[PDB]
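Presented as structure tokens, the chain that follows is alone, the form deposited in one PDB entry.
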């Protein structure tokens, strides 16, 4: 139960491409601090909830999909995040008959938004640069 301390190589790998950063627990954790600094923190919370919906306990899928919608996407939602019209339409139409992939269109849209609007800036930020400088080569 040791604290996960990323090696230099691992942290450098987060700069290889967006999927390496987001698919790494410590990478997401670091990216999350930066997203909150840039006021778009809920984007990653939503992405993770959708990942769980997809590959998680499948007996509560129908229930979880609606919960996620009400928590992140509905008007006035507590953890509201914006998605475009075409995406919302597909999501709402899909929710009339919930299934494992009902939120995939929304999750992908948010994924591409983070990749397009935040990934590069993150790598150029003090948070990443500090993470890299502090990580050491064993």
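Residue numbers count along the first chain shown, from 1.
This next part talks about the form deposited with a partner chain bound, which is not shown.
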(request) Quick one: find which of 96-104, 45-53, 58-66, 76-84 has residues within 4.5 Å of the partner chain in the bound PDB entry by heavy atom distance. (result) 76-84
(request) Using a 4.5 Å heavy atom cut-off, state whether residue 118 contacts the partner chain in the bound PDB entry. (result) yes
(message) Contact with the partner chain in the bound PDB entry for residue 33, defined as at least one heavy atom pair within 4.5 Å: yes or no?
(response) no
(request) Would you please decide whether residue 90 lies within 4.5 angstroms of the partner chain in the bound PDB entry, comparing each non-hydrogen atom pair? (result) no
(message) Within 4.5 Å, heavy atoms only: does residue 70 come near the partner chain in the bound PDB entry?
(response) no
(message) Is the partner chain in the bound PDB entry close enough to 7, 23 and 131 that every residue in that trio has a heavy atom within 4.5 angstroms of it?
(response) no
